[PDB]
Amino acid sequence: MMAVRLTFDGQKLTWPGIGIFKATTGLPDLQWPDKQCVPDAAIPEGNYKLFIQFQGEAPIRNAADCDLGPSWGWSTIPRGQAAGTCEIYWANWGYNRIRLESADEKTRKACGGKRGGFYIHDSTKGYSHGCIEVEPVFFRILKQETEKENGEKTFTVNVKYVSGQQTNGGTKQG
Amino acid sequence: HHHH
């Protein structure tokens with residue numbers, strides 16, 4: 001039941017006491033800590049809450065434009081029904097996503113507060129539209145560790161870049 | 001906030 005504080009340094013997402021997962025943030029030319037105030041770039045540094053409650057399929061906002069609605073939980077991407085352009089766009093989501101929310105004022109006020117809509121997701125592209133792309137095995141570890149626990153399940157992540165290295169953890173499919 |  002103990003709280004879990006994940007850490008993310010731009011290349012590695014750590015679950016303390018369990019393991020290290022490859023992870024990536026930002027579009028290809030924006031995977032840098034000095035770009036974190038540019039839309040779709042590396043996520044701003046700070047503290048975020050994860051919504052890990054499993055809520056099934058994500059809502060579809062506009063099917064013609066391939067638009068998914070926001071949801072505060074762990075949801076799935078409807079890849080099986082994708083057609084045409086949505087086969088392209090929803091491959092950038094992957095199969096699973098977990099909503100993030102800024103968890104203090106300093107994080108929320110970052111970048112004039114102009115950025116938002118953050119998630120952890122399991123596409124295998126080697127980039128992310130302003131979110132955190134993680135190795136897919138993370139979601140299977142998450143399931144195994146949480147489904148046997150009865151009590152409270154509290155997950156956060158701290159984002160902190162400690163060098164100028166590219167915020168790319170090698171998540172592109174091998 | 002969109003992602004495409």
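Proteins get letters first, then strands, A, B, ... in listed order; numbering begins at 1 in each. For the numbers below, each heavy atom of this structure counts, side chains included, while hydrogens, waters and symmetry mates do not.
Shown here is A:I88, whose CD1 atom has no more than 12 heavy atoms of other residues, nucleotides or ligands within 6.0 Å. Other residues, nucleotides and ligands contribute at most 12 non-hydrogen atoms within 6.0 Å of the CD atom of A:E152. In A:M2, the CE atom is not crowded: 12 or fewer heavy atoms of neighbouring residues, nucleotides or ligands sit closer than 6.0 Å. At most 12 non-hydrogen atoms from other residues, nucleotides or ligands lie less than 6.0 angstrom from CD of A:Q144.
Between A:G117 and B:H3 the shortest heavy-atom distance is O-NE2, 2.7 Å.
Residue A:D67 touches chain B through both its backbone and its side chain, counting heavy-atom pairs closer than 4.5 Å. Contact annotation for A:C131: only side-chain heavy atoms (C-beta onward) come within less than 4.5 Å of a heavy atom of chain B.
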